[PDB]
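Let me begin by presenting the structure, written as C-alpha coordinates, before commenting on it.
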Amino acid sequence: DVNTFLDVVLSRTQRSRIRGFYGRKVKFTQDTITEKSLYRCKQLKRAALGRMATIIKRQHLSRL
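Here the sequence shown stands for residues 14 to 28, 41 to 61, 122 to 143, 156 to 161, numbered as in PDB author numbering.
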(Lines of atoms letter the chains of each structure in order from A and count residues from 1; the text may use other names and numbers.)
(Lines give C-alpha, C1' and ligand atoms only; values in the text may rest on other atoms or scores of the structure.)
Protein backbone atom coordinates (compact mmCIF):
# COMPACT_ATOMS: atom_id res chain seq x y z
CA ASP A 1 0.00 0.00 0.00
CA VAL A 2 0.95 3.67 -0.23
CA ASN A 3 1.20 3.93 3.56
CA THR A 4 3.22 0.71 3.67
CA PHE A 5 5.51 2.05 0.94
CA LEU A 6 5.97 5.28 2.92
CA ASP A 7 6.80 3.24 6.03
CA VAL A 8 9.22 1.16 3.95
CA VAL A 9 10.72 4.37 2.56
CA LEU A 10 11.03 5.73 6.10
CA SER A 11 12.62 2.45 7.20
CA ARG A 12 14.98 2.60 4.21
CA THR A 13 15.89 6.19 5.12
CA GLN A 14 16.57 5.11 8.71
CA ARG A 15 18.78 2.25 7.48
CA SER A 16 25.24 24.21 10.96
CA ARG A 17 26.68 20.94 9.67
CA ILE A 18 24.06 18.95 11.59
CA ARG A 19 21.37 21.31 10.31
CA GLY A 20 22.44 20.65 6.72
CA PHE A 21 22.60 16.91 7.40
CA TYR A 22 19.03 16.93 8.72
CA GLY A 23 17.84 18.63 5.53
CA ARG A 24 19.89 16.20 3.45
CA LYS A 25 18.40 13.27 5.36
CA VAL A 26 14.90 14.61 4.70
CA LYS A 27 15.82 15.14 1.04
CA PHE A 28 17.26 11.62 0.88
CA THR A 29 14.07 10.23 2.42
CA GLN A 30 11.99 12.27 -0.03
CA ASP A 31 14.14 11.14 -2.97
CA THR A 32 13.68 7.48 -2.02
CA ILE A 33 9.92 7.99 -1.65
CA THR A 34 9.74 9.89 -4.95
CA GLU A 35 11.74 7.19 -6.74
CA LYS A 36 9.42 4.46 -5.43
CA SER A 37 19.57 24.75 15.48
CA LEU A 38 18.93 21.01 15.72
CA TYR A 39 15.29 21.57 16.68
CA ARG A 40 14.79 24.00 13.80
CA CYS A 41 16.42 21.56 11.37
CA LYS A 42 14.30 18.71 12.74
CA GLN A 43 11.17 20.84 12.33
CA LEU A 44 12.12 21.57 8.72
CA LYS A 45 12.78 17.86 8.17
CA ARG A 46 9.45 17.03 9.84
CA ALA A 47 7.72 19.56 7.58
CA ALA A 48 9.22 17.85 4.53
CA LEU A 49 8.01 14.50 5.88
CA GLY A 50 4.56 15.99 6.48
CA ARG A 51 4.44 17.36 2.94
CA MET A 52 5.51 13.95 1.62
CA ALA A 53 2.84 12.27 3.75
CA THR A 54 0.18 14.55 2.27
CA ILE A 55 1.44 13.76 -1.24
CA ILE A 56 1.49 10.05 -0.36
CA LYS A 57 -2.18 10.16 0.67
CA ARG A 58 -3.13 11.95 -2.56
CA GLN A 59 -5.45 -6.22 -10.71
CA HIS A 60 -6.91 -6.03 -14.21
CA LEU A 61 -3.54 -6.89 -15.76
CA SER A 62 -3.15 -9.85 -13.40
CA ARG A 63 -6.61 -11.15 -14.36
CA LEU A 64 -5.78 -11.21 -18.07
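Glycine included, each C-beta is placed from N, C-alpha and C at the ideal position.
Could you name the residues of the same chain whose beta carbon sits closer than 7 Å to that of residue 57, not counting the 5 residues immediately before and after it, in chain order?
So the qualifying residues of the chain are 22, 25 and 26.
Output the distance between the C-alpha atoms of residue 18 and residue 131, rounded to the nearest integer angstrom.
18 Å
If the criterion is Cβ atoms closer than 9 Å, does the pair residue 143 and residue 125 meet it?
no
Residue nearest to residue 61 in terms of C-alpha spacing, selected from 135, 141 and 50
141
Considering only the beta carbon of each residue, do residue 138 and residue 52 sit closer than 9 Å?
no
Could you compute how far the alpha carbon of residue 47 sits from the alpha carbon of residue 59?
18 Å
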